[PDB]
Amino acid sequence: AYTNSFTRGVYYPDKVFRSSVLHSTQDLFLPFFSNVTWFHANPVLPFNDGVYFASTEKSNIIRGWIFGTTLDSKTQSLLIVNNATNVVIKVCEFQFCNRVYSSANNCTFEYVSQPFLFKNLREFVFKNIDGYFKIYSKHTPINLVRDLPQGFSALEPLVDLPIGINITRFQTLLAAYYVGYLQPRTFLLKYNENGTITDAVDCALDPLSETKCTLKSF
């Protein structure tokens, strides 16, 4: 099953403040109107160059994610788990079960912060570049039942973790979600007077978008 990410998965590409300007950036983005896999639940998926993840399920249903390679005790793995009061992020040679793991030896990284998670849609972007695991997120109300919403909303930086490991595969920890993949695309991003991205053009979507990017206009 597939759904249409009409204009979803756009995030602030850097930490530079901009306002009242159209900025052209080359980065890993979810291509506009791409096919996003619609999962019900819970398989192990490839990470590729980065992952777009979205769900409308409650915080007590989707607990977190595991990122790594062999996802066993042979290598370092990244475990992100939320609970009622906090979020715990660890990198260890975990031996996962089937409450998530039986052992966590050779730990190299630990981080603790506030929780990451008519309905409410939660969107995340996971990137792993030069040893840094970058997470972007957005939380927005939604009135849809069988698909992704239309409209534009940019995702903000949530955390940037100096974990220093390679990620090739990942799995969602459950107690109904969408998965897409990022590609190297050129986007024209529109910043309003408050420095908020309110729109975007995918310069490689169609002839009209190409024209808009060329002329730097919407």
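The numbering used is simple: start at 1 and walk along the sequence shown.
- Per the records, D147 is modelled in every other compared entry, just as the shown structure includes it, so no third of them leave it out.
- Of the other structures of this protein that model both sides of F118, a third or more give it no coordinates.
- Going from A175 to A176, the model skips 10 or more deposited residues, which lack coordinates.
- Where coordinates are absent for parts of the deposited sequence, a chain break appears; between neighbours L117 and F118 it spans 4 to 9 residues.
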